[PDB]
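See below for the structure under consideration.
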Amino acid sequence: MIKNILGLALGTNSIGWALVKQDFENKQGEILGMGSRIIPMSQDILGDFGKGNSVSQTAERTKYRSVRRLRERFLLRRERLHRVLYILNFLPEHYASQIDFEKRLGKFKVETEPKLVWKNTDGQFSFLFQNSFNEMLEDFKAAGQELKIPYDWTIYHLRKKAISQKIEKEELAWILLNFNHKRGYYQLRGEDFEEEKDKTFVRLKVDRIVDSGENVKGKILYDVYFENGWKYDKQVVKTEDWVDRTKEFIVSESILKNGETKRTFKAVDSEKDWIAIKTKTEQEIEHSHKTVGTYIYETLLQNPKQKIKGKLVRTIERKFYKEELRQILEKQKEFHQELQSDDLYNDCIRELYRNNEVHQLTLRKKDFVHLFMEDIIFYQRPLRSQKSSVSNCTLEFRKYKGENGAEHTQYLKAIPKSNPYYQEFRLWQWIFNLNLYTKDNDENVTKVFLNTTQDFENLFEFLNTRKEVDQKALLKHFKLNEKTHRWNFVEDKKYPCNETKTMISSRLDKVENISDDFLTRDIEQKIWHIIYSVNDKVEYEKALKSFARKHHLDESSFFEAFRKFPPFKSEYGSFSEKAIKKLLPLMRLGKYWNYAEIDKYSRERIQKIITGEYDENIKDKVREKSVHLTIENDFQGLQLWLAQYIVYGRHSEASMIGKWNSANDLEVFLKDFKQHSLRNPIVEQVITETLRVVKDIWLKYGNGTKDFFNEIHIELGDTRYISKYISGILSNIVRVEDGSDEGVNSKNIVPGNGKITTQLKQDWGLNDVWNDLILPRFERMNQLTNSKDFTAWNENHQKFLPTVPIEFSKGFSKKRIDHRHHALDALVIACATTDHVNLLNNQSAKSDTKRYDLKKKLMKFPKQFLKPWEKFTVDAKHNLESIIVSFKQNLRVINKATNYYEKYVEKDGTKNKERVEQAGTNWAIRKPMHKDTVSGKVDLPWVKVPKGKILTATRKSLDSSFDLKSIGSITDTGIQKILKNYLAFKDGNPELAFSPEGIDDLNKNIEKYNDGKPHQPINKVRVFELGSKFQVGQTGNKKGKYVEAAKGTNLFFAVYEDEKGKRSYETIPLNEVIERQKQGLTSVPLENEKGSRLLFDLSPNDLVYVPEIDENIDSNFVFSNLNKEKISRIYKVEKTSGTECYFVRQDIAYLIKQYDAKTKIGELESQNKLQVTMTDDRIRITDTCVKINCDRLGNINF
DNA sequence: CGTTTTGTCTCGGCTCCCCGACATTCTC
RNA sequence: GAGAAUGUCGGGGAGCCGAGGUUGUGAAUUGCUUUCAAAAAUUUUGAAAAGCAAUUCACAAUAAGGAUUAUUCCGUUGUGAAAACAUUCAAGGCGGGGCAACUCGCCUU
DNA sequence: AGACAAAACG
């Protein structure tokens, strides 16, 4: 009779919901509720997630965290270097005097920026190494270049000198810190590739392109030849860009089995390709037969103008730096007795590892070279263990009681698929599944070649000795042939065949000098564990040697065979090793099967089932299936399902169906939901918000009572992911426990389709209602454009229908320009019965009669469907006209964070490493505090700076976007003179003057554009801006960094009112809000400077009501008589700046037309949003607006 | 004051866990 | 419909590293402007200082900040009034692995 | 590419 129907329409970031109480038989019913919950998401994300580009806040957070981690590790390395050098007494006194060695070990003292080589005496800075600079000057003079060079170039002179001569210890400390700065490229695993690994960057010139008589696509493909005598692997067609062209590749050469090089090719571009640049730089360094430091020094001697950082040597292999540092340290150890002292080395070890005795003892066997290179500077941590994230077994659990007097479950991790147990398990399954057929007649020729246990044992033995089986091999084993039979499985596919044991056996046969019985099952497992667990080069080699020593095997060929074992691919089965060990005895047969190897419980169940007795743990389906298992010996070679049941007592997964008896169950499910459990954050957010909305609807309209929702209909309209998951979750609310409703989804869940929705909307008149609803916007557009092209008259209906001109019809949609249509969709989905979906999905009737009943019951006479009730259209219009869209807000600023860090704790007279919690109140800022770009503060006497504003400058590349207006924004006036002269010389065309060729020409002949006076080359210039930027911080040089508020951080907009009644508006910066919230105060000050009391604060997505011009809303309240007129005056905050707040009418989702600078028209002017009302009154919203509060269901919380 | 225009951090490598969609064989 | 095995194509998360850029300190060279402060004929040449830079080098900071002395970290994710949490999380035993720290397994509550 | 935040423009 009376049925409560909940229709849901789920979008990318929208949730339309409708609740109706329908009685279809009597054509009665009513709409209980409608609404649309919006999850604000910029169109950038909506357009990006379709293709996908780091579309995740979590990803950005992780990127920032990784950058911070690298920075922190560099700082820690510097601090440890400082401590070690201080103990060694290598730091200069003035430099060490400003470093803390008592409390903040190795850190610079607060408000100091010491430099190792610049000594400050009474405000004058002096270079520290004068003699080295003089020697460098002698070098340059001998090179005949100049004698005026920067002092800090001495670092490279020292680096070259340190290789073969004594240098001062302070210079050595400088070199060590510089080495710490730049570490180079290094891969943790390593695995030196093909011995040749040519990977040589070469530049080759094409000699001729011999059309190789290869006509393809109506054109003869040409080959290529190079002066060296090489032929390009691929053919060429466009000869214009290949004829005598000096192209560059990365060629890889491999000595093929025949005994020749298999040279490949890979076209690259220098100064654009990472690999090409790296290889070219490395080859240049190598060909000089000199260290990287010496290479840099000599290049700098040749060309003093050369850029080093970012131009000459960018990323290179860490081996170069390591070799140079090793050479320097080895040479300098001969001269400085401090590097030979054991007492000082022990002191340094104690300083660094005062609490790690094991590491101290390990280091006591090394020297300073190892300490500086391997321990401090070039130490790279290994990857964190991921084995904690491995899936759990679905069968085997363990139960234990914690200190809280409870009993909870520990899970068993799944088995790696490289484990021999898994290999045998899979092999037995595959053997049982196999069956043969004959080509001619396609008959089950099996049961004739695999009938007795002997045949199965023969097949199992044949398979074990392999790593892969195919059509031909399997057919041959039986002596059969391809010309007469087939193996059911794909006729050209291969299957894994116990590869682990194969590989181990092959690499153990290659060792020779061992009897052909060494490899047994236990040895196989031990070797597999050695290979799988020790994933580190040195560790792996030591483990291999130790294994070859414990077992009397020659560790010369063995190590060589097993030193290049390919690591096992990362993959895990469904079950754990315990479950597989339990199941295998059942699955084995023949000589591999023995009764004593079945666990006690399984043997008991076998005894019970053979006895035919009664056990509550044994189901009747069992005795149906295990009828043939009369005797104990029948329990051989059982397929996975049977053995799984026998061991565990459940016929695979039976599910639970479940039933939620009140809203509390849904609340618990929401509470226990785990983040990152679904495909992507978007669908997870939509789903979770849908569940919250459903819970709110349940509580509001049914008090959370059991079985309130008679039916739930769903629609989506990529997004498909939320089609079945949501249905499965929601089936727990509308399930039936009488047994009639069983399955993945309850029969009360009725997914729809677009066909029914659109057809019903057309037939029920909802399209007319929607068009009448949206018409006034198009009338307003007509008025704005002073035309009549946004509304088209039709005489069949005798009225105006909204329309858009063709030029603005790119992606226009009459439905997408308003949020409320989501609710409308839900309504159509809540009134479409299972009869409607069946009728319009299976309209193919095979006979008019059998579906004529549905046509009569549902369609007026097949023309149109009957309305759900008489006043359905009127009710739908009235309900749509009074919907307040609810928007989700994200106002997180500060949130408590917990920090657990490793530390040595003294317990029971012993130091033990454990995780300690950081004390105090450490907040976490949940918004970006500023933009990345940083500008410096300047004062230009030729620029007027109004009070309250500052000039800030930043470096920009000189390009074609520099005309006179922008040339006038350069802080330097000499550069402005030069650029103006050059631009005038080029007919005032920046496209010609400031192109790369133009810039190079200007730099060549700068004299001519500077009145004959020399100037340095110009590549970048500091452009300034007059505004209000704030300092990043207050400590150190952070006071000199000026930045701007980040996007979407103007979250608070205060509105105050004086005693007179006048209103004042302000925008609270993020930092002030952070401080106020940390202090425990309100986000907005309760009084401004003038002392005006705060009326209220606005945030993005908040809702305000703008009273009519005549209305005097001072203490109105009465927020229940919300007719359409009142709802038409509800606006939503969009953005804020200064004293300006922008609004959009709450129902508007997309503009009919956006704003373009060319035509200069838009629905809401240039900002796509207005400070005033859309109506003709055009009144400032903030002058009379009053805030309102709405819940998820769109009810005003007056 | 009311409106528009402008500018916005960028690129490289490799490892190891999970989920899902679609094919194949087989069992219940 | 559920499950096991074998592949292809996508997505999510976490982790170990690399190279620039920007701002700021110091420096080498060359410029523009102003002021001093001379010499010369309102104009021209010279020293100093300040402001603003350009090319190159070393160095500091790189989300404000808060711990810690472990070769550790927390700060841009989610929930939500508890400014409270999620994203580490028990005990044993029997082994593999290493120069040892530490890492990988199996077994019972 | 998008949309905010603010300088820039009358």
Fill in the blank from the handout: Given 25 °C, 0.890 mPa s and a Kirkwood radius over Cα pairs, the Stokes-Einstein diffusion coefficient of segment A:936-1043 in µm²/s is 161
Problem - Within chain A, helix-based [θ] at 222 nm, where runs of 4 or more DSSP H residues each add -39,500 (n - 2.57), nearest 500 - result: -10500 deg cm²/dmol
Fill in the blank from the handout: Share of Cα-Cα pairs in segment A:997-1106 beyond 25 Å, whole percent, is 52
Practice task
Quick one: plug the Kirkwood hydrodynamic radius of segment A:185-226 (C-alpha pairs) into Stokes-Einstein at 37 °C, 0.692 mPa s, and report D in µm²/s.
Solution key: 231
Fill in the blank from the handout: With the charge dipole of chain A built from beta-carbon charges (+1 for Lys and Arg, -1 for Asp and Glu) about the Cα centre, the Cα from A:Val55, A:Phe432, A:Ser727 projecting farthest to the positive end belongs to A:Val55
Completion exercise
Yeah, chain A with a ≥ b ≥ c from its alpha-carbon gyration tensor (a/c under 1.5 is rounded, else prolate when a/b outruns b/c, oblate otherwise) is oblate
Fill in the blank from the handout: With the dipole of segment A:981-1102 defined by +1 on each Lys or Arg Cβ and -1 on each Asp or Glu Cβ, the option from A:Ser1083, A:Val1055, A:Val1032 whose Cα lies farthest towards the positive pole is A:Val1032
Fill in the blank from the handout: Taking r as the C-beta separation of A:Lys621 and A:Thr873 and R0 as 56 Å, the FRET efficiency to the nearest 0.05 is 0.55
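Just want the ordering: A:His628, A:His529, from fewest to most Cβ atoms lying within 10 Å of their own Cβ.
Working: A:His628 7, A:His529 12.
Exposure proxy ranking, most exposed first: A:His628, A:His529.
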Practice task
Might you report the magnitude of the Cβ-based charge dipole of chain A about its Cα centre, with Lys and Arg at +1 and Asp and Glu at -1, to the nearest 20 debye?
Solution key: 640
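How much of the pair distance distribution for segment A:200-267 lies past 15 Å, counting alpha-carbon pairs only, in percent?
On the way: 1262 of 2278 pairs.
Above the 15 Å cut-off, segment A:200-267 has 55 percent of its Cα pairs.
Pop out the Kirkwood hydrodynamic radius of segment A:417-491 from its pairwise C-alpha distances, inverse of mean 1/r, in Å to one decimal. If you can, show how the numbers build up before the last one.
Details: mean 1/r = 0.0764 Å⁻¹.
Across segment A:417-491, the inverse of the average 1/r is 13.1 Å.
Work out, step by step, the length gained on full extension between A:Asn633 and A:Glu111: first 0.36 nm times the residue separation, then minus their alpha carbon distance; give nm to one decimal. Intermediate results must be reported in sequence, preceding the final value.
Values: separation 522, 0.36 × 522 = 187.92 nm, distance 8.49 nm.
Stretched out fully, the A:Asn633 to A:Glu111 stretch lengthens by 179.4 nm.
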Practice task
Beta carbons within 10 angstrom, averaged per residue: use that to sort the peptides A:186-196, A:609-619, highest first.
Solution key: A:609-619, A:186-196
Practice task
Show me A:1148-1158, A:580-590 ranked by packing, highest mean number of other Cβ atoms within 10 Å first.
Solution key: A:580-590, A:1148-1158
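Over 31 Å between C-alpha atoms is what I'm after, so list which of A:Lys278/A:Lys965; A:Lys494/A:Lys582; A:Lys365/A:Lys537; A:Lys247/A:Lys931; A:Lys21/A:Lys860; A:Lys1004/A:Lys1158 land there. Don't skip to the end; give the middle numbers.
Working: A:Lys278/A:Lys965 41 Å; A:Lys494/A:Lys582 29 Å; A:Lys365/A:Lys537 22 Å; A:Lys247/A:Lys931 42 Å; A:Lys21/A:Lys860 23 Å; A:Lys1004/A:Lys1158 40 Å.
A:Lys278/A:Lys965; A:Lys247/A:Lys931; A:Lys1004/A:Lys1158, as the Cα separations exceed 31 Å there.
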Exercise for the section: Return A:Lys494, A:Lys238, A:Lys947 ranked ascending by Cβ neighbour count within 10 Å, so the fewest neighbours appear first. Expected result: A:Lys947, A:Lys238, A:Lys494
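Once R0 is set to 41 Å, what does the formula 1/(1 + (r/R0)^6) return for the Cβ-Cβ distance between A:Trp430 and A:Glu613, expressed as a FRET efficiency to the nearest 0.05?
Working: r = 35 Å, r/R0 = 0.85.
Efficiency at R0 = 41 Å is approximately 0.70.
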Exercise for the section: Return one quarter of the surface area of the convex hull spanned by the alpha-carbon atoms of segment A:49-100, equal to its mean projected area, in nm². Expected result: 5.1
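Give the order of A:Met1, A:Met373, A:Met41 when sorted by the count of other beta carbons within 10 angstrom, beginning with the fewest.
Numbers: A:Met1 8, A:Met373 18, A:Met41 15.
Ranked by crowding around the Cβ, least crowded first: A:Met1, A:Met41, A:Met373.
How high is the relative contact order of segment A:1-122, given as a whole-number percent (alpha carbon pairs under 8 Å, six or more residues apart)? Write out the running numbers ahead of the final one.
On the way: 110 pairs, mean separation 15.6, N = 122.
Relative contact order comes out at 13 percent.
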Handout entry: Sequence-distant residues sharing a close amide H with A:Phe865 (under 5 Å, placed H)
Key = A:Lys860
Practice task
Could you tell me which of the pairs A:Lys671/A:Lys695; A:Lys944/A:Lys1038; A:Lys161/A:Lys290; A:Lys1132/A:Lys1187; A:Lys510/A:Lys545 are separated by over 18 angstrom between their Cα atoms in the structure shown?
Solution key: A:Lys944/A:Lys1038
Exercise for the section: Can you tell me the dipole magnitude for segment A:200-267 around its Cα centre, using point charges on the Cβ only (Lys, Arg +1; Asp, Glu -1), in Debye to the nearest 20? Expected result: 220
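Using alpha-carbon pairs under 8 Å, 6+ residues apart, how would you state the relative contact order of segment A:322-467 in percent?
Relative contact order, segment A:322-467: 11 percent.
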Completion exercise
Rounded to 0.05, the calculated FRET efficiency for the beta carbons of A:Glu260 and A:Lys366 at R₀ = 30 Å is 0.05
Problem - Cα pair count fraction exceeding 21 Å, expressed as % - segment A:1057-1167 - result: 55
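Taking 0.36 nm per residue of sequence separation and subtracting the Cα-Cα distance, how much length would be gained by fully extending the chain between A:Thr438 and A:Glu351, in nm to one decimal? Present the calculation step by step, with values, prior to reporting the outcome.
Working: separation 87, 0.36 × 87 = 31.32 nm, distance 7.90 nm.
In short, 23.4 nm is gained.
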Handout entry: Karplus 3J(HN,Hα) series, Hz, for segment A:444-458 with 6.51 cos²θ - 1.76 cosθ + 1.60 (x for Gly, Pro)
Key = 6, 5, 5, 6, 10, 10, 10, 10, 9, 4, 4, 5, 5, 5, 4
Problem - Whole-Hz ³J(HN,Hα) from phi, Karplus 6.51 cos²θ - 1.76 cosθ + 1.60, for segment A:494-505, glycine and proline x - result: 10, 10, x, 9, 6, 6, 4, 4, 4, 4, 4, 5
Problem - Cα centroid of segment A:891-924 to Cα centroid of segment A:572-621, whole Å - result: 49
Problem - 5 Å-binned pair-distance histogram of segment A:365-520 (Cα, whole percent) - result: 1, 6, 11, 12, 11, 10, 9, 10, 9, 7, 5, 4, 3, 2, 1, 0, 0
Completion exercise
The answer for A:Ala1149, listing residues at least 5 apart or on another chain whose modeled amide H is closer than 5 Å to its amide H, is A:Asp818, A:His819
Problem - Packing-based ranking, highest mean first, of A:398-410, A:702-714 given that Cβ atoms within 10 Å are counted - result: A:702-714, A:398-410
Fill in the blank from the handout: Per residue, the convex hull enclosing the alpha carbons of segment A:849-967 has a volume in Å³ of 628
Fill in the blank from the handout: Between A:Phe397 and A:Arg381, the two model label points (7 Å from Cα along the beta-carbon direction) sit apart by a distance in nm of 3.5
Problem - Under-5 Å amide H pairs with A:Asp211, H placed in peptide plane, nonlocal only - result: A:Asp223
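Please give me, ordered by residue number, the trypsin sites (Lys or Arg not before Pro) of segment A:35-137 that lie in loop per DSSP and have at most 10 other Cβ atoms within 10 Å. List each step's numbers first, then the result.
Values: sites: A:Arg37, A:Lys51, A:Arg61, A:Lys63, A:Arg65, A:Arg68, A:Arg69, A:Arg71, A:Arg73, A:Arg77, A:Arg78, A:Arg80, A:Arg83, A:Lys103, A:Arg104, A:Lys107, A:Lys109, A:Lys115, A:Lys119; in loops: A:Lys51, A:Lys103, A:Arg104, A:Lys109, A:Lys115.
Sparse-neighbourhood loop trypsin sites (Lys or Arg not before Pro): A:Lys51, A:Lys103.
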Problem - Between segment A:507-521 and segment A:1085-1145, the alpha-carbon center distance in angstrom - result: 85
Fill in the blank from the handout: Residue-ordered couplings for segment A:259-275, obtained by feeding phi - 60° into the Karplus form 6.51 cos²θ - 1.76 cosθ + 1.60 and rounding to whole Hz (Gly and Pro as x), are x, 9, 7, 9, 6, 9, 8, 7, 4, 9, 9, 5, 6, 9, 9, 4, 5
Handout entry: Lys/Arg +1, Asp/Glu -1 at C-beta; segment A:1053-1188 dipole; positive extreme among A:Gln1171, A:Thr1159, A:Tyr1142
Key = A:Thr1159
Problem - Centroid-to-centroid separation of segment A:341-384 and segment A:709-778 [C-alpha atoms, Å] - result: 67
Completion exercise
Once the mean of 1/r over all distinct C-alpha pairs in segment A:262-347 is inverted, the Kirkwood radius in Å reads 15.7
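We did not get these values from a lab; they are worked out from the coordinates using the rules stated. Heads up, the Cβs are rebuilt from the backbone with ideal geometry, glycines too, and the neighbour counts pull from every protein chain shown.
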